[PDB]
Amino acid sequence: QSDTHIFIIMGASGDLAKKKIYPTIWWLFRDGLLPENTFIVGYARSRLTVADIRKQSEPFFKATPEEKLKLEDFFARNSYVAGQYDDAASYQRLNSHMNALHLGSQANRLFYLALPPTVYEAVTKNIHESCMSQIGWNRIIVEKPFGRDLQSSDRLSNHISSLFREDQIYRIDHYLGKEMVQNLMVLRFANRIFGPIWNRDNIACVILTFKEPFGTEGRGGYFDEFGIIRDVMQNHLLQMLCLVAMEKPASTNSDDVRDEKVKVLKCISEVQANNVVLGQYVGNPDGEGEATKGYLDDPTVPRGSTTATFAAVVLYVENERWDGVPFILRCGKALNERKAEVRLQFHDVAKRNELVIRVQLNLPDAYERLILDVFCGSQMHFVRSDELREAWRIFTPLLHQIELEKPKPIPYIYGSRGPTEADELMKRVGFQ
């Protein structure tokens, strides 16, 4: 709405802030992609100075001796306010500090919640009553996990959206590769191109694959609280299912395409376990390196974890365009290849023919694109509240059943394609 922007990093002392957030805003400022008049303000309980943040974060900056002038300018635009996350006086100090900056009373404010969502309820409250700009826009960036089921997500989201409009809520998701956004871009373009062809008349089966050849790598502890369905399927694979199956949007506005994605989701009924194959990866005896260790051989994984690191799930969009057309979401860690593709198999009328939309994967690198998008106000690659609600609805009964009965996942060897029962499922619903 003007030229002056303030970038508040709530929880600036943390791991995401030090390893990713500060480096990428460095890279955007260095390449001249931030607005010219930008200030960066960190906020957390620990009593730090900008010197401390620089000391602990510049190792990740890829700072070269050529750049040490723009780097000094960048840190000149940096400040840090210490305070508690539910202390009114602390937010008063933060707000008045922002107001003291050059043109701060009327600058746009971008709050990025580098904080465990367990504190979100407090932060979003205090921001709402203490730190929002009266003239500039106010955009919050929330971070995963967007709850862990329909009920928890519903509670958190209903809280956040009772304080901010949907065009102020940016739910960012950026942990699956530097090309994460190009995926969705080319899928949208393919939907626009092949729209007339993507019917139940030509397509017999659609599959959506996310394979990674590496394991949890000494961090199975974190992953174990969530599982492969919450990690990849409920968020990303389901988004690209939407992009494939959606109708033509009314325009190219973010909210028209998001309307169409939500319409697609509202046609998918809840998945039962008979259409689900879960798997856990064991160590490769003959391989070397991390391939020798399995999932339970990760020290951070609790003994007896039935958490699935691989899942194959069958969903159905139930409308006139798609009916009985199976959408097979297959994903897993510690597999044979690093592939993220979408294959559509065609009704033979003559070996079955399929159209493959693959995203070659080894300027902005998806995360940088999302920050720039919140700066520009483009909400397209951010999940909407109703979209998120529908995703959780689709997957919550299954997740509850898994947590309740704890079915032992099928073992598969590190570097394999996964359980053969997943191939069994695909064949059972009709594939080849």
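Residue indices: 1-based, along the sequence shown.
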query: Deposited residues lacking coordinates between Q134 and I135 (none, 1 to 3, 4 to 9, 10 or more); finding: none
query: Stretch exceeding the other in mean C-alpha B-factor - 282-290, 73-81; finding: 282-290
query: Segment of higher mean CA temperature factor, 23-31 or 59-67; finding: 59-67
query: Options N235, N253, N158, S152 - largest CA temperature factor per the record; finding: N253
query: Criterion, highest CA B-factor; candidates, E121, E320, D231, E166; finding: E320
query: Third of the chain's Cα B-factor distribution that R258 belongs to, per the entry; finding: middle
query: Third assignment of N202 from its chain's C-alpha B-factors; finding: highest
query: Cα B factor band for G218 (lowest, middle or highest third within the chain); finding: highest
query: For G14, the third of its chain into which the C-alpha B factor falls; finding: middle
query: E36, C-alpha B-factor rank within chain (lowest, middle or highest third); finding: highest
